[PDB]
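In: these are from a larger complex, still in place; more later:
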Amino acid sequence: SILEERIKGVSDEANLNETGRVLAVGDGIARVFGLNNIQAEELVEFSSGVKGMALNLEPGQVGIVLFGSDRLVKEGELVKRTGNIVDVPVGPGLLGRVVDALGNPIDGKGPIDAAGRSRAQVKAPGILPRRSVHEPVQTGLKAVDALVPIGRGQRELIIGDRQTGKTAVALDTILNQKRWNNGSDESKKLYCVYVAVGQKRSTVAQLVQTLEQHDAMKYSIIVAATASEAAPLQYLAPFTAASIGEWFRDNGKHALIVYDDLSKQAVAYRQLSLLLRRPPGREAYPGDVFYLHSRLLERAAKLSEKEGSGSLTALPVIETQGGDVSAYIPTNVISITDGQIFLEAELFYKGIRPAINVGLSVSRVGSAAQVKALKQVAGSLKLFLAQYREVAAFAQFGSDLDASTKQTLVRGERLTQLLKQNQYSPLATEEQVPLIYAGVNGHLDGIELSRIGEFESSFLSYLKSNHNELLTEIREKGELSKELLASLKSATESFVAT
Amino acid sequence: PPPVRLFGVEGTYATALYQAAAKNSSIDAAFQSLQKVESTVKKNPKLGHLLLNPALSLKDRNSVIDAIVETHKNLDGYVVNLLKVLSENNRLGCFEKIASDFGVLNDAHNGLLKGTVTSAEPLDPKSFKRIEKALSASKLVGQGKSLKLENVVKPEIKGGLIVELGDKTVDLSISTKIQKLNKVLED
């Protein structure tokens, strides 16, 4: 009919496979009608030039989250299916590269020499595909190594009030990884991937500058998604960082991924979800926020002997927004992670730097990922510190303290001063084993509290001068034998009068 | 307000159409035109039923309306005002739904009732007739109302019958009795 012909005239003339037409857009979240060959999690190329992946598939409207800005999108445009679930180039070339979420070099060190591409979501290594955690990981902070050991594969959460040099605690780990990196044997090396999500371009710029200053960008990869850059790209940013890590892990290389801060990932998913209009959960975070964090974190592992040796180690960082340990985003992560390394703001002011709150800091997986020697010296270090804490409470109720209590107190004070150590100064195990030996064997108890730091500096210098043979052995065999214990005992005694 | 109120949107349209055309006392005309346009939608099976999908604009929609009155200008006109309304409210996916709903209201106005004899298999015509007679005889069909008793085949209901009309049913079926029987022997 003339009617039927005219209907053909007004017909869409697209089968809406490989294409579909935008129909409402704004708030950075488009909504398209069409795309009936859409694959979930696929990347869809807007004809504005924008690409946005698609996260919501509705019974007529595919909800495509823009990666770009909406000021280039205009309603009624066609979007054409990329036909690919999101994937990033992964390779050796990422070493010494800052890259944005879509893997574009944003430091302009030109193209990434990518040996593969990988996918944003990848199922975690199974029960059978893992072997138990043997190797240590040292941050060169005396407190971390001694109190809450880090092992390859293990997930340890750095948690504590925001911007208490939150970035810096993690950065210290990167700095001590200079010692293995400079050396040889890649199974003893950790390549380091520092992921910075939601931080200002200037903050990132400071990070790259510090890393270049310590020449640690000779082994670092920086995956970035700055604050300005879109919320979908921010949501995608930890998961594609993970993919970059998995390439190292897969190659059998042991590496470590810092995810700073996941707290901003949660905000990103919040924005995204609430503008995909999924019903929001407690604290305005949907329920699969627990899932979001869990799937991300469990892709760190120490692979079974069968499946090589490579271990991605993870250090998530959650910046607590009040120190409320019951906040939803903190609660979820705490359950997920293998250890928690709580910091305390007051202790930062108290001058304990790093400000690790030793009592709130735990490592569930525990010792079997720290140097055998260091295990020996720090044997009762935990107990002493805990006793110091208990005693300290008693001391502040001003009750008369007997000498036995004051033995604890005196030992305790020295230990606290021993923990302190200014930022950006890693310390090798060979020179942490003596200091902890000295403390636990009470050689520090005598010397005056004010000059403990001076003594520490000097003690190390003395061992460097005289018992540098002893130091070489502590490095080489990494366990204190009877002979070493006696040598070390004598050495400490020798410099016990300073 | 006119008898029988079908709750639910699109039947809010139907109710309006019904009541409007009842008050214009041109329900047969409306019904007839509705059948014709429903038929011409069905008989425009591609490119006029497969483009009842939303995507078209208001302006593109207006030209769809023009095509609808182009297919036959034998339309009642109250239903042409309804067509305009549906275009303006930008829904027409539920167009035949509204037609069907108007049909229920209309044939309620006529008095006609529908029933059902779901069974596992199509029964005797004798059974059909006897039940139709019986239902008409019984107070169940009040009279001044008619019964289109429809046997349907539902193999899922094993044998039996269920007589249905006026939201009142008598279900003498083997499956249901079996259910109660199985249960009584679980005691």
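Out: Done, it's in. Numbers count the residues shown, from 1 in each chain, chains lettered A, B, ... in the order given.
In: Give me the residue at the spatial middle of chain A.
Out: Centroid-nearest residue in chain A, with C-alpha atoms, centre = their mean: residue A:258, separated by 2.4 Å.
In: is it true that it touches residue A:207?
Out: No. At 10.6 Å, residue A:258 and residue A:207 do not qualify as touching, with contact defined as C-beta atoms under 8 Å. Bear in mind the C-beta positions are built from the backbone N, C-alpha and C, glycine included.
In: any shared contact partners between these two?
Out: Here residue A:258 and residue A:207 share the contacting residues residue A:194, scored by C-beta atoms under 8 Å, 6 or more residues apart in numbering or on different chains.
In: circling back: secondary structure element holding the residue nearest to the centre of chain A?
Out: Residue A:258 is located in strand A:255-260, with elements delineated by DSSP states H and E.
In: do residue B:117 as well
Out: Using DSSP H and E, the element containing residue B:117 is strand B:116-119.
In: And for residue B:60?
Out: Using DSSP H and E, the element containing residue B:60 is helix B:58-70.
In: circling back to that earlier point, I'd like to know which elements the strand holding residue A:258 is packed against.
Out: Contact partners of strand A:255-260 among helices and strands, from 3 or more C-beta pairs under 8 Å, 6 or more residues apart in numbering or on different chains; DSSP states H and E: helix A:166-176, strand A:191-197, helix A:231-250, strand A:311-320.
In: run the last query once more with 6 Å
Out: Contacts defined by 3 or more C-beta pairs under 6 Å, 6 or more residues apart in numbering or on different chains; DSSP states H and E place strand A:255-260 against strand A:191-197, helix A:231-250, strand A:311-320.
In: For it, which strands pair with it and how are they oriented?
Out: When sheet partners are counted by DSSP bridges, strand A:255-260 sits next to strand A:191-197 (parallel), strand A:311-320 (parallel).
In: could those go into TSV alongside distance to residue A:446 and mean neighbour count?
Out: Formatted as TSV, these follow (distance: least, C-beta to C-beta, whole Å; neighbours: other C-beta atoms under 10 Å in any protein chain shown):
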stretch	distance to residue A:446	mean neighbour count
strand A:191-197	40	26
strand A:311-320	37	25
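In: include chain C as well:
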Amino acid sequence: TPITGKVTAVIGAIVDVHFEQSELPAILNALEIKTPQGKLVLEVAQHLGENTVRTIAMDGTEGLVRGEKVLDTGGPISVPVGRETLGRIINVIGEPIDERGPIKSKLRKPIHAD
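Out: That brings us to chain C, laid onto the chains above:
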């Protein structure tokens, strides 16, 4: 050609306009509705489809007659910039509110910038 529209709604200072043609101002374009208050400058923030945008109104919404013509300024609101901005007090949409006459400006720049 002037991209006309009408004011479908005035729900607070979040007026919604309905462009009546397929020429559709993009998100972060700016529109002027002329009023006996001079005009109101609004900025397109959503397209709600079927050529009905939802626009933030950057000037006070009072007395708007629902169904009031709109005209498209195009692109973000363009302020006036210069070294001649010095000493001037410049309004939200950019006007000489220090009233030393019209701001002499060479280049006018869009409010939104990446």
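In: again for what packs on strand A:255-260, since chain C is there now?
Out: Strand A:255-260 is packed against strand A:191-197, helix A:231-250, strand A:311-320, with contacts defined by 3+ C-beta pairs under 6 Å, 6+ apart.
In: right, so of these, which gets closest to chain C?
Out: In terms of C-beta to the nearest C-beta, the element of the helices and strands packed on strand A:255-260 nearest to chain C is helix A:231-250, at 14.1 Å.
In: and that closest one with strand A:311-320, angle?
Out: Taking axes from the mean of the first three to the mean of the last three C-alpha atoms, to 10 degrees, helix A:231-250 and strand A:311-320 form an angle of 150 degrees between their directions.
In: just how off-centre is helix A:231-250 within its chain?
Out: Per C-alpha atoms, centre = their mean, to the nearest Å, the displacement of helix A:231-250 from the mean C-alpha position of its chain is 12 Å.
In: Same question for stretch A:229-241.
Out: On the basis of C-alpha atoms, centre = their mean, stretch A:229-241 sits 15 Å off its chain's mean C-alpha point.
In: now stretch B:136-143
Out: Distance of stretch B:136-143 from the chain centroid (C-alpha atoms, centre = their mean) equals 21 Å.
In: Just to be sure, residue C:34 is in a strand?
Out: Yes. Inclusion of residue C:34 in a strand is indicated when DSSP: H, G, I helix; E, B strand; the rest coil is applied.
In: give the contact list for it.
Out: For residue C:34, no residue meets the contact criterion (C-beta atoms under 6 Å, 6 or more residues apart in numbering or on different chains).
In: What residues are bridge-paired with it?
Out: Checking residue C:34 by DSSP bridges, which sets the bridge assignment, gives partners residue C:39.
In: Repeat that for residue A:43.
Out: Where residue A:43 sits in a bridge, its partners, by DSSP bridges, are residue A:53, residue A:84.
In: count of residues packed around it?
Out: The number of residues packed near residue A:43 is 20, by other C-beta atoms under 10 Å in any protein chain shown.
In: Please tell me I have it right and it contacts residue A:55.
Out: No. With contacts counted by C-beta atoms under 6 Å, residue A:43 stays clear of residue A:55, the gap being 10.9 Å.
In: Where does the nearest residue to residue A:273 once chain neighbours are set aside sit: helix, strand or coil?
Out: Distances taken as C-beta to C-beta, 6 or more residues apart in numbering or on different chains place residue A:286 nearest to residue A:273, at 4.9 Å, with adjacent residues excluded. On the three-state scheme (three-state DSSP), residue A:286 is labelled coil.
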